[PDB]
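What follows is a pair of forms of the same protein chain, given separately as structure tokens and numbered structure 1 and structure 2.
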Structure 1
């Protein structure tokens, strides 16, 4: 039984270390490109809710580093979902299933990857996209995101441009 995915994905993990620069905390853990390997990986690593504070997971397409500075991200941005543990785990897994299952219709090429940040101030789940200048694309992606994660209409999601994060939302939903 082998079910190939459209894309090959890499899980990255960031463990907080106050004596390292940000990029030096980031490690590429494993790549996968089948449904079977997706579940093998997910089922045998700590859930997002079980990560220590300051830790991150990133799931990005093969060849895209989960950095603003990556050529694939530099002109891009993210949809941001703020939380405030089962809800966080749910947001993360629903998002992973939506991206590896290619559930963003004709806009899959604009998906770079997903991010979960575990933080005392409030956990964050984000979807990084390729081109912050395409409001039409990003809006549709945002609508699928809210639908797949069962986010209430009253929770207003922000689309943030990476160039701004590196230095106010471009879109709100």
Structure 2
């Protein structure tokens, strides 16, 4: 069987190593461009919830480096979701729900007519609070980023109560949108 994806995606893995710099812990694990290979990959690697504290997964379109300085990210920003309210297994379960729902929404091109503006997704597994982020290309496009944020909240069942922040990458070196 073969269900081709609109885009070819690269999964990256940041291995926590207290002795090494970010760039020296990051590895491009695999590229994939079908539904089958997406699930083969996801099925055979640790879920976000099974990673050691300090680890990251990144999923970015092929050719986009998972760093804000990349030409495809530099004028862009991210929607940020922080997972820090719940505890132990409930927090872990919510983290895994957010990450996989996000990955499905991305590779399945579910962000209405704005898929060209999606760069990638990032999960940071951290003892103090996990972070799940959706990175977009152009921080000046409020129309794009607002709609993308709405879909994000819908897909991940993020309550109207919890307010998501869209942060501009450049400013990180105060949210532009709150939702």
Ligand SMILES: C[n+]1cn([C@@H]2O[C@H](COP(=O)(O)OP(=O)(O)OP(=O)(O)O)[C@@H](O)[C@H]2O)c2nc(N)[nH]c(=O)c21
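Numbering follows the first chain given and starts at 1. Shifts are known only where both forms have a C-alpha. Just so we're on the same page, rigid core means the largest C-alpha set that superposes within 1.5 Å between forms.
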query	finding
Chain form deposited with the named molecule bound, by structure number	1
Exceeds or equals 2 Å, Cα of residue 17 between the two structures, core fit	yes
Displacement in Å of the C-alpha of residue 66 between the two structures, rigid core kept as reference	0.5
Between the two structures, C-alpha offset at residue 27 (rigid core aligned, Å)	1.1
Mobile segments between the two structures [3+ consecutive residues, each C-alpha shifted 2 angstroms or more, core superposed]	16 to 21
